[PDB]
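The first chain written gets the first letter, and so on, giving A, B, C, D, E, F, G and H; residue counts start at 1 in each chain.
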């Protein structure tokens, strides 16, 4: 039996970071990202296209929140546009 | 019972090198070569004539792949022409 | 200064090839510069080469005109046959709508199979993509 | 005077690259054409719009749970009697509707879709009853 | 003076070897399309579930690579059709990437319906004005 | 030797220059490469990335002086089929890594242009290995769909075992399906169940 | 470093807006929606789905104005005054919108969708019905929403 | 080191192409296919399978033109206008093509294979049949595809 999701994803489905994190600097898109223990969490409404996420949630207003490995670039879809996003860390 | 082929030859039937190789510098013909562990692998569509190959595969488009010992020259048939090919390593 | 030698010299400068052979004359037209890409829509920004080939074809007003479309190896075989047929057909109606009688013109499209260069190489397949105009 | 296209295939490698792209795109479309299972609309087996004037009320539902309670209070939203025929299993048939101005006939349509094989929806609007059926 | 006819722009070798990789991936993909379409005959189209209509013969030219819902909502909003979905959305997004030029919305939604293979399905009811997107039940 | 450190001065600058030039050359063809490497329309129906079946025809192995082994085809699966979340683009394969180095007479000039050409074709061989790798992966997934159409490989068998409302009073998960791949795709060695494609 | 401008500047937006309005191509802009209204005599000939060759300079400056924003769907629709029939009118205006969006899609716009349609004088802007394509009801107009 | 050129210059093949076209040897080049074309009076005597002694210098310069490409199969074929019979005509043109490929295979080419054949005016290139081997139908051609 797998785990259900991360339950930190309800925290990062809001804007509030996980306890004991480090914030990453999202440039080039409306996302936030934090780094708790070798995993980055993004809080987005862009959709994540390339770098692979390990878990995801989505709130009522279409904010998603993804748990993934530490990738320096995110490839997103904005509105059919395929954009990129730099983080630092 | 002998082994079937090398199973590295399906990788070198494409242009992708084996894991943990060293590239070789083929000169004077459209072949590529890697040196994996005292063994070179050429990827070509010429015909190998002199130096003796130990194993061979061939893809759909007449690409071949040869596993042989490390010879610095290769004799090829291009289109009935005997030609040579220098490698370095 | 407005003759046949001048218009084949500026056809060479507008990069349409022209070969005299006996009674046959053959124009070779690049589809990559004289057609919109993978479509039988004409590249009308390259109009003055097309004005030069209708100025060339006005000189020979009684010949049967074969026109023929050619692709390179890519795509399906039916796609090559239909797209080469379509490019030969719109070149045929360009000549018919710029003043050739409708029974001298004859359009045929071949899906890459005559192949004046090889198709295994980049500049050779670029030279394969052409329109042949044979007339007598 | 007009212009050429901006990122045109205007180059002897890129014409072969983008010709390969339009070739792999239409060959992708015909392999999608063969392994796409379709359904004919005469044999689709989903619910239609039952066109009752009580069923044309524009409702709003954000809910996710068992289909029996949503259909019971969507029935008394539509002033309909509600009948359940069949046995509700121990694992419940779960649905999820989150829309905020939508007609309750189409809400009934897509809970019939989200039921699928585990349940089904009938509406008899002359007797004004809506029946959730199990299997 | 001697001149072979196609004198294009100077290419570079990235586009050259990307091109001759792309032609091998193209004819192996049409080889796959050949064996798949001969082992199963496609018996039915999707024009019987997406028929043409007035204000569906308006044309569009689309490049798009995101999820299906914003694209189909924009197709239906310019088609003057009420857009509705059936099924809750899967948690992985069903992604399409429609890259085409100058065709009508009926065959655009047929290409959307084919590119969503066994994940979603476009139905159009042109007696009313409904474009409907259905996800799958898995 | 000063020519040699001039050559390695030119090497990393030519590699970073060729990496930048083919990076915007890759970015020019971004929709075309998205049309070419449509991995998204090659995934399976439960979002499974299909496996990479390499093919080698006409195989020989000379084992010694006395024995060879030939086979007419081999098919080998690498990179087995698995639950993908987001399908891979071309940019995980083909993107060359651009840094701009800030690390700086006559034989310096001519060996630094020889080192610049060495950095240019060194980056070209890195690119040649990259499109080789993505040609291997996408051709193996195309060949998976070909051999599944030919009934040479098994399709993957998922099992969605459903759970209803799950958890205690502090955590619920309402519709809690757990999906497994029980049977991985593998080549069937049962030879009589294959399908042989004609065309016309 | 991230980029400040998107290859575009507000001075060139207002310069192309006042120059297109000086040329008679009326650029209304209500909030975030934008509307470029072209009379059909400036693009096509009389009752024809064929551009004049001089009108491509107008479409070049229209596409250079359209490069300046970031948008999602450009819609472009055409209607001309009544000539022989409403079906002739809708086929003429559908071909007029599809040829002007074929050139705008051939040019650089960074839109994702272009919705091309034509109506058969179904939205006249004036009750005066003076002529064919000299009429101000005969127009092709380009509407979009400037995203962010 | 590897070699830059293969004993051949691009200036030398445009020089040999324009001097052979000045001499009346029609050298056309469509893509990678090349056809050089000698009339039969420039090599042979009239209705005769024998070269002149002066024509060997012409065969030396076409052998120097064929020494600059990398080719696989040179096909040399002959046809001349009809003399007493088509069987005598075909034996004449077969003997003419095997004579000129005997000299070209003796000289410097690097083709792997030379296909020699002769036809009995089965492809005329004009309807003007006024000459013997002064007719422009009467020719030998060397056709090949230059490899890579």
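Note that contacts are C-beta pairs under 8 Å (C-beta built on N, C-alpha and C of every residue); 3 or more make two chains touch, one makes a residue touch a chain.
Composition by chain, UniProt nomenclature: G, H = LphA (DotK).
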*Could you run down the chains that neighbour subunit C and subunit G (LphA (DotK)) together?*
D, E
*Tell me which chain's centre, taken as the mean of its C-alpha atoms, is farthest from subunit C.*
A
*asked:* Centroid from C-alpha atoms only, then distance subunit C to subunit E, rounded to Å. What do you get?
replied: 33
*Would you kindly tell me how far, in whole Å, the mean C-alpha position of subunit H (LphA (DotK)) lies from that of subunit G (LphA (DotK))?*
61
*Averaged over CA atoms, how far is the centre of subunit B from the centre of subunit H (LphA (DotK))? Could you give it in whole Å?*
40
_Chain centre separation (subunit C, subunit H (LphA (DotK)); CA means) in Å_ = 28
*Listing for subunit G (LphA (DotK)): what residues touch at least two other chains?*
72, 112-113
*In subunit E, which residues are in touch with two or more of the other chains?*
4, 6, 8, 11-12, 15-16, 18-20, 22-26, 28-30, 32, 36, 40, 63-65, 71, 95, 99, 115, 117-118
*Could you say which residues in subunit C touch two or more other chains, in rising order?*
17, 28, 32, 74-76, 122, 126-127, 129-130
*asked:* Show me the residue ranges of subunit H (LphA (DotK)) that touch subunit C in the complex, using the header's touch definition.
replied: 26, 28, 30-33, 124-127, 136-137, 145, 148
*asked:* Touching residues of subunit B toward subunit F in the complex: what are they?
replied: 2-7, 9-11, 13-17, 23, 32, 53-60, 65
_Quick check: in the complex, which residue numbers of subunit H (LphA (DotK)) touch subunit E?_
14, 17-18, 29, 31
*asked:* With touch defined as at the start, can you tell me which subunit H (LphA (DotK)) residues reach subunit B in the complex?
replied: 2, 72, 112-113, 147
*What residues of subunit F sit close enough to touch subunit E in their complex?*
21-22, 25-26, 29, 31, 33-38, 40-41, 45-47, 85-87, 124, 127-128, 131-132, 134-135, 138-139, 142-143, 145-146, 149-150, 160, 195, 197-199
